[PDB]
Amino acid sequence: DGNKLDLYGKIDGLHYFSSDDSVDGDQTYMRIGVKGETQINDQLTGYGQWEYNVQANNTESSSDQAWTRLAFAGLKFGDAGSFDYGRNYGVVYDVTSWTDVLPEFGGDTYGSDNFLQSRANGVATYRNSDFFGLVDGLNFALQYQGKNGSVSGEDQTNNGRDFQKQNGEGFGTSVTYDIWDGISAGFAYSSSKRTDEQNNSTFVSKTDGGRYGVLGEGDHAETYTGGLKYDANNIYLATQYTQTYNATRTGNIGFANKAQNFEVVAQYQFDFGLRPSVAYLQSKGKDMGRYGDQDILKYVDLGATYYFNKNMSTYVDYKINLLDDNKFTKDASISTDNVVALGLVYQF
């Protein structure tokens, strides 16, 4: 009485084929989660959602095989909008998600716990749908994120973390709009203080051998995003453009002083199950101290998903990695090899 509660998840039998040893092999994993709603009164509704990743590709004595992707509780007051708090998606992703639809790859001009660009600890999000019911299809969002800092130091918080996934106080906003038939447009902005260890950490160069500062200096990390989306007539066309400031990771050795990020995807849905997909993603870093302008990410993606029904599917995906081995990709530990994925997935 009153409460709805759904168990959901999937089991993904997955194998990667690649020349990069740290990528190649068995990638089997599963997801399980919970979605809940309670109607409090005719205007007010409470909700909660949890989503868990459980790796299955290592042993029963291996370590760190599970993690939480989402955990948030929330309130939705009809026409006034909604508010939720917890681990949830940064609002930049309200736009960039429109290109995150590849069978297995994609969605990686950005990472998780990467300021407000994806999933994020301690994020307070306000959302409004049809501009208070006055403008159908015109959604916007306002978000706040507290500092998630180091385990020690001046910038310690209880939930410490290495410098690549720390953040200071920040906010972000997003707007999406539906234009006539299926065509949607979106903008998103975010801004965060950085942390001492982000500005004061060093790293040791796989090429020279010497020690240097972690790429990126700055008091602030920033993203600007614009996106377009065609969805109708069994066509899916989408693109997104994002420009960032000390916000985009350069492998594991820091951030890019400036980076320009671009993703474009085209897909077609046959009504006998098959869903082919073509995509291009790049990330171009600027003024990265001793590395100057370099590609951070650059590939073409080709793949397809076969849907047996809403509970079962198979997919192949082929990442054609147009990066070259150099001192930047080596010193930053960015993979320059191709990958093939092959998946058979049960959903529930």
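When you see a residue number, it is the position in the sequence shown, counting from 1.
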Higher-scoring stretch by recorded Cα B factor average, 270-278 or 243-251: 270-278
Higher-scoring stretch by recorded Cα B factor average, 55-63 or 303-311: 303-311
Per the PDB entry, maximal CA B factor within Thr28, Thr68, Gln49, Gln294: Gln294
Tell me, please, which of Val123, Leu134, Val91, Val265 has the highest C-alpha B factor according to the deposited entry? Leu134
Using the B-factors in the PDB entry, rank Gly168's C-alpha atom against the chain and give the third, lowest, middle or highest. lowest
Select lowest, middle or highest to describe the third in which the CA B-factor of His15 falls within its chain in this entry. middle
Relative to the other modelled residues of the same chain, rank the CA B-factor of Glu154 and answer lowest, middle or highest third. highest
Give the position of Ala259 by CA B-factor within its chain, expressed as the lowest, middle or highest third. highest
In terms of its chain's C-alpha B-factors, the third that includes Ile183 is the highest
